[PDB]
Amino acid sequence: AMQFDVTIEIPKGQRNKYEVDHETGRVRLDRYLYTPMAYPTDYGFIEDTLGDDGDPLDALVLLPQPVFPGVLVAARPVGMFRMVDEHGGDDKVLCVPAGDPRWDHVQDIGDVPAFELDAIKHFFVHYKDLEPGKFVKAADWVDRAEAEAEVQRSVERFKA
């Protein structure tokens, strides 16, 4: 099975939007969110990846307890969240911890309760509502097969 390293930027429950600067590796506070919302899962990116824009592929990791900003978590993808915003398409891979039997029951997007997926969607649809010149036009969920394909595309781009 496919797996990889995710670097968590923002723990679950945070209104502080942290981002890891990729030139340096330093954790930065981008902004305090303008909406009364908090990240529904631990949020970050996959190491040694690169998307269409000059940034790694975004990742969401389900956990029994949050980590801190800058922490690595070995994860495997079970699905992916597509969305369109002010800078076009944005993909977010949904993962669980790799080599952990406690998450073996989650092999695909259908194994994650509809209510956690709706809550995730709702966050990304609404979190920038009060920010000038920022919107989220579309949003929906694809399966693990489509997620793994997107990871494979992003690894290939990185190595090039």
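All residue numbers refer to positions in the sequence shown, first residue = 1. What we label the rigid core is the largest C-alpha set whose atoms superpose within 1.5 Å from one form to the other.
Colleague: Is the larger C-alpha RMS shift in 7 other deposited structures of this protein, relative to this form with the rigid core superposed, found in 129-137 or in 26-34?
Modeller: After the core superposition, the stretch with higher RMS deviation in 7 other deposited structures of this protein is 129-137.
Colleague: Root mean square C-alpha distance from this form after a core fit in 7 other deposited structures of this protein: higher for 85-93 or for 71-79?
Modeller: If we average over structures and residues in 7 other deposited structures of this protein, the farther stretch is 85-93.
Colleague: Mean CA B-factor: is it higher for 94-102 or for 30-38?
Modeller: The entry gives the higher C-alpha B-factor average to 94-102.
Colleague: Per the entry, where is the mean C-alpha temperature factor higher: 131-139 or 55-63?
Modeller: Of 55-63 and 131-139, the stretch with the higher C-alpha B-factor average is 131-139.
Colleague: How does the C-alpha B factor of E19 compare with the rest of the chain: lowest, middle or highest third?
Modeller: Ranked within chain, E19 CA B lands in the middle tercile.
Colleague: Going by what the PDB entry lists, where does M80 fall on CA B-factor within its chain: lowest, middle or highest third?
Modeller: Middle third by C-alpha B-factor.
Colleague: Taking the values exactly as deposited, rank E9 by C-alpha B-factor within its chain and report the matching third: lowest, middle or highest.
Modeller: It falls in the bottom third of the chain.
Colleague: Based on the entry's values, in what third of the chain does the Cα temperature factor of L50 lie: lowest, middle or highest?
Modeller: Highest third - that is where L50 ends up once the chain's C-alpha B-factors are sorted.
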